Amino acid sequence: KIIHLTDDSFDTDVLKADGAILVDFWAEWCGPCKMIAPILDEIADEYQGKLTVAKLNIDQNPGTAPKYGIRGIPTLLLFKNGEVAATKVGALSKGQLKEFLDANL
């Protein structure tokens, strides 16, 4: 259920998606990133219908992260109506993420 984005599909998949979208900027060589990966699989599976999770590998798609000023990874950006609602950096826990969404959803 997780959507895999690219630099070129970003604008339409996220910015013009009318609905809440949780984006995850990651990289294969980051420890914390591989930590939250399993978590996200579960979240996308639970919030089906209410939310959409999408990942963007910053090494294969280097032109998007800069536009949002990424300073650390994994970075989670909650988009809603093409605008960034909330932001959070770090390998959150299955519980911590659950609170973050419900509170901003």
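Residue numbers here begin at 1 and follow the sequence given.
- Relative to one another, 21-29 and 92-100 have unequal mean CA B-factors, and 92-100 is the one with the higher figure.
- Comparing the listed residues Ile73, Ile58, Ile43, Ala54, the entry records the largest Cα B-factor for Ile43.
- When the CA B factors of the chain's modelled residues are split into thirds, the value for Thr12 lands in the middle one.
- The deposited CA B-factor of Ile2 belongs to the middle third of values across its chain.
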